[PDB]
């Protein structure tokens, strides 16, 4: 060979170098049920026979689902956790995900921090990064998550039945409170700020609860938009009434650390971004689910009828004063 006549500078440019932050990420390593990870036109998933693949996609847009200029290490954890919460909402076991990242141009420090946070949440969630896309534009990420669940055992939003208990998998309103700190509308000491901020940036997807509920919950989903709003999805898909007992909404120590009374209750009822499951449960399974997931709480019940109903201590229904208002 003479050392000449080689073709270069046709490809493998800036966005290839960006892509390599993810090809080299710890969460891109080989993993169970992944026959082919990053590097080809598709990833290949191989859930053990009899198991279906649960698939969900979520998009986070800069300025909409997270603040501009935020720590990329926290942002990557938040993006993966909120997306992975939908697998828990089905009772699926975590398997893998793809990352479609759009960004204006390379930023090496941003990407290093983003990839490091993605590794941490992925390890926490047991999710392999198996593919993705890297594109130029205003900052955005679309994560598509994959889990496995035996046929017929997925948790669905229909099936809530009158007589069932209405339950949640953990404290509500904490991410809404945390947003007050994130936006610096309020201050707090570390003992208050740290637990709440962890709920905004690193909500733990409730995989264990979803798995515990297989064959037991009559219906479930994860609270992303707000307690009362997401109860409406069960009520409508199941054709029943969901009753929420306002007295059973215990504000957490962390929530009470920053907010009190009505402000706290409003966060519980309507903040969303909780990524805690809401589920309906035949009463015969209460003890088991309490043992499997002690953070769970009964907040109400299911009856024949329509709609979501917030009840005060005397059983009377609470209605916002005007259309569009909240409690």
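Numbering follows the first chain given and starts at 1.
Mean CA B-factor, 76-84 versus 240-248: the higher value falls on 240-248. Judged by mean Cα B factor in the deposited record, 175-183 ranks above the other of 175-183 and 124-132.
Of the candidates 274, 40, 263, 33, the deposited coordinates give 263 the top C-alpha B factor. Based on the entry's C-alpha B-factors, the most elevated value among 26, 258, 269, 45 belongs to 258. Ranked within its chain, residue 216 lands in the middle third, by CA B factor from the PDB record.
For residue 310, the recorded CA B-factor ranks within the middle third of the chain. Only modelled residues enter the ranking. Among all modelled residues in its chain, residue 93 ranks in the lowest third by Cα B-factor. Among the modelled residues of its chain, residue 164 has a C-alpha B-factor that falls in the middle third, as given in the PDB entry. Placement of the Cα temperature factor of residue 149 within the chain: lowest third of the modelled residues, per the deposited record.
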